[PDB]
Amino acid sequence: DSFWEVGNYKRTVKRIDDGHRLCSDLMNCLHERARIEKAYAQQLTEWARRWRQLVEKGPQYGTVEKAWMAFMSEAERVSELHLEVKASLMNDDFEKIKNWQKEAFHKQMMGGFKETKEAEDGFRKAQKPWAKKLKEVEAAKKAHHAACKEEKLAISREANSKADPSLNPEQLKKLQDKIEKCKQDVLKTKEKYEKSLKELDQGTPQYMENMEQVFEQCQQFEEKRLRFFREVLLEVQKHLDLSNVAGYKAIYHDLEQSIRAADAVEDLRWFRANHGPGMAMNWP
C-alpha cells in the first residue's frame, strides 16, 4: 500500500519508463501539429494557383484584375508562414526532444533502460537487509501466533476433559502435562519472536536513509525532464505564435493597398481605347 512497504519503490521505478514514453508522445503531439500546418499550406497554394490561373484566363482585366490577384498572393504569404511554423516545430522543437531522449534514456540489450535498471538495483540493495529481517520477524510472530493458539487449546481442553467421567488415575496427569508445556513455548518463542522486532528496529534508521538516497536520485532524474518539458513547450508556443508578427501584418497592409489601387474609371478609359469608340477606324 505504501512506499516503505516491501517492493513498493516500484511506483517510482516505473516513473522513468514513462519519462521515455512521454518524450515520444510529446514528439508525436508536435509531429501531428506540423502535419496539420503543412496541409493548410498545401490547400492554400493550390487554391491560389487554381484561382490565379482562373482569373487570368477569365474576362477580368486591367486594374481590378490585379486587386484580385493580390488576394491569391496573400494565400501564398500565409502559406509560407504556416510552412515555417511546421519547419520550426520539426527542425527545432521535435529534434530537440528526440536528442534529449537519446541522451537521457539508453535502451539496453536484454532489456529495458540502463537507467530504470539502475534504480531497481539501488532500491533492492537498500531494502535487502530490511526485508531479510522482516523475513525473520514474520516467522517470529506467526510461529508464536500458533504457540498461543496452542496454549488456549489445552486450557479450555482440560476443564472440558475434567468434567468427563472416566480415566483419571494417570490420564489426569497428562492433562496437566500438556498445558504447562505450552507455557514454556509462549515464553520461549515470544521472547525471541519479539527479539527479532528489536534487531529490525536497530537496522531501520539506515534502511530509511538508504531509500531516500536512491529516491532523491530518481527525483533528480525526473526534475531534469520536467524542466526540459516546460522549457521546450515555451519554445513551441513561440513557434505557433502568429498573433503578433511583423511579416504577418505586412501581408495584409500590402493586400489592402493593392485593392485600393483599383481604379474603376482608369480601367474604363482603357476599354474605350482598345475595344471602343477610342479605336481607330478606316473610313471609306
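The first residue of the sequence shown is number 1, and the count goes up from there.
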Comparing mean C-alpha B factor in the record for 168-176 and 78-86, the higher one is 168-176
Between 53-61 and 40-48, the record assigns the higher mean Cα B factor to 53-61
Residue set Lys96, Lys117, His144, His106, per-entry CA B-factor max assigned to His144
Per the deposited B-factor column, the C-alpha that peaks among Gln101, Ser156, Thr204, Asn91 belongs to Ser156
The third of the chain into which the C-alpha temperature factor of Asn210 falls is the middle
Binned into thirds over the chain's modelled residues, the C-alpha B-factor of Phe113 lands in the middle
Split the chain's modelled residues into thirds by Cα B-factor; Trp130 lands in the highest
Temperature factor at the Cα of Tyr193, chain-ranked in thirds, falls in the highest
Tertile call for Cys218 (CA temperature factor, within chain, third-based) is the middle
